[PDB]
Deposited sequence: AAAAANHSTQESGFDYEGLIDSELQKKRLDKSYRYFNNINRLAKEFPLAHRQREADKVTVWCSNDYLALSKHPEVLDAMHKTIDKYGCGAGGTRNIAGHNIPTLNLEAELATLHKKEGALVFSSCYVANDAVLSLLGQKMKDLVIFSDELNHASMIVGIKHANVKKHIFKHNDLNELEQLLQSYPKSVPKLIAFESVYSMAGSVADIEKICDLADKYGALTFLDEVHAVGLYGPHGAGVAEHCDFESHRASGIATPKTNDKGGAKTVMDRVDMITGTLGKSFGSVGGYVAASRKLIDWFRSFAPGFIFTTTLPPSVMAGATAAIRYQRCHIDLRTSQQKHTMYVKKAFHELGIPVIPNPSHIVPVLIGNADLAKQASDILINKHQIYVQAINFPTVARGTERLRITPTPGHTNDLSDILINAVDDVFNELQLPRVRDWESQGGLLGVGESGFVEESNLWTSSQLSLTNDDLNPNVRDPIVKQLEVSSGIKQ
């Protein structure tokens, strides 16, 4: 007899990814700690400027992080105190009673969501349609009834919550900042809905932490910006609206990554002591026994300590992003509007977006990855640009001219052109209301001395 043809199945599936052009080719990119934001390709001599990297504050190369790794390597080796220090800093950042570190936030999401579903079998999960793959996977592994609500539609969310008695356990799983379009959730309104319908909230701040709030604790902290800034590390007595509890205090579970802004690898959840011990006790034991090396944790800890007391990292990134956005607006470069740090440039065609990404790196030595289906809906294909404190106006100008040339060379649609067909995603749409940038001019003018002195080198 003959066995199942395994290689045939694998071949047919990989061939489909070749047909639809979703088969992926990784670019060799070696980021230079000394030359940030430069990187070199397989040949060290060929250098490019990285505009798509997710290291938002450039802390991957920062002296206090590199020194933390070097000194921690000498003492601990490569592969305890370092875990408690890191977990204590993360709990401090979010002003939560505790935090739990995992190998990655992908794991953190999968583990927490899975555990909530296993322990409450009646649980009903309400999930934003744009939630990250890790959260989709965790919700699946939770093996409970779920409802996907249209992106950031709070109207639809409420009617889904209404269909249940309040006594039914519920979880609302969403993100603060969604990276592909740079949209932002309304966290206070979701907290209000949670209180009304008796639901826990699960918030993924991965693209927020370090970039938002006075100390970079994320959008939940930005929600009461003045209350947190005044109180510093301490919990404020009242919120920005005068109430008893802050939004960040009202969210039950906050997950983040160490791999993005914090210039490291890892993931965590911050929540109340009861929740942390619950996860710590009943989650699969092997995600705790196998974890990050101490040198990696020390680096992330240093980055968190540094970024909490330096707001200039956030005001620097925001200013550089605005610079790029304003320039593109004057040139008719179709940026998808959003009140965040992300600069998605709308293309609208998958083939053209690839060609634009290729021309940018080969002709102009600019690295920007193109975004197409499945990651985005067909026809919405875009170039995702992510400014950092390290992209100074001089580098931005080069990017701006290079993008403008690519648009001319490929005759790609401008803002003017998208309007002619009615507009897309707020680009060229008559009477479209754009949300104001989360960072207000008042907040962008703040400096590090405006932060409470208790955030600088506190004992933790």
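In this entry, the deposited residues absent from the coordinate set span 1-10, 90-99, 481-491.
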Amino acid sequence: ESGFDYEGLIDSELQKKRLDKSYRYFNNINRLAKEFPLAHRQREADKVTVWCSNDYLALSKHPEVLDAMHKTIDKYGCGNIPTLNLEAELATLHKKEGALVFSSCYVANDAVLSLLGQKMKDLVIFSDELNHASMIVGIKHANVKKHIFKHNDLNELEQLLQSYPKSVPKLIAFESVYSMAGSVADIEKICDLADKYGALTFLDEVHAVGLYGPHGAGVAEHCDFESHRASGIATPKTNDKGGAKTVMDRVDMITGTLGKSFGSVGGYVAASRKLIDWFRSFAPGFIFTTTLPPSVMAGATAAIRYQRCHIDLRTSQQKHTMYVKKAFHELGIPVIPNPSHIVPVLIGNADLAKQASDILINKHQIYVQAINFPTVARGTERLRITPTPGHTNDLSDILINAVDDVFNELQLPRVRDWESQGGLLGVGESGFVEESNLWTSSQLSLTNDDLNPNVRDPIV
From here on, numbers count along this sequence of modelled residues.
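Basically, rigid core = biggest C-alpha set you can superpose within 1.5 Å across the two forms.
In terms of root mean square C-alpha deviation after superposing on the rigid core in 4 other deposited structures of this protein, the stretch standing farther out between 444-452 and 9-17 is 9-17. With every structure aligned by its rigid core, 365-373 is the stretch of 225-233 and 365-373 whose CA positions lie farther away in 4 other deposited structures of this protein. In at least one third of the other compared structures of this protein with flanking residues present, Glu434 is left unmodelled.
Gaps at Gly3 occur in none of the other compared entries of the protein that contain both adjacent residues, all of which model it rather than a third dropping it. When the two stretches 130-138 and 166-174 are set side by side, the higher mean Cα temperature factor goes to 166-174. Averaged over Cα atoms, the B-factor as recorded in the entry is higher for 361-369 than for the other of 299-307 and 361-369. When the C-alpha B-factors of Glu89, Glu97, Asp252, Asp192 are read from the PDB record, the largest value belongs to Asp192.
In the deposited coordinates, the residue among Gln411, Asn27, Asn54, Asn30 with the greatest CA B-factor is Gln411. Among all modelled residues in this chain, the alpha-carbon of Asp312 has a temperature factor (C-alpha) in the lowest third. In the PDB entry, a CA B factor belonging to the lowest third of its chain's modelled residues is recorded for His40. Among all modelled residues in its chain, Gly426 ranks in the middle third by Cα B-factor. For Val415, the recorded CA B-factor ranks within the highest third of the chain. Only modelled residues enter the ranking. Among all modelled residues in its chain, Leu211 ranks in the lowest third by Cα B-factor.
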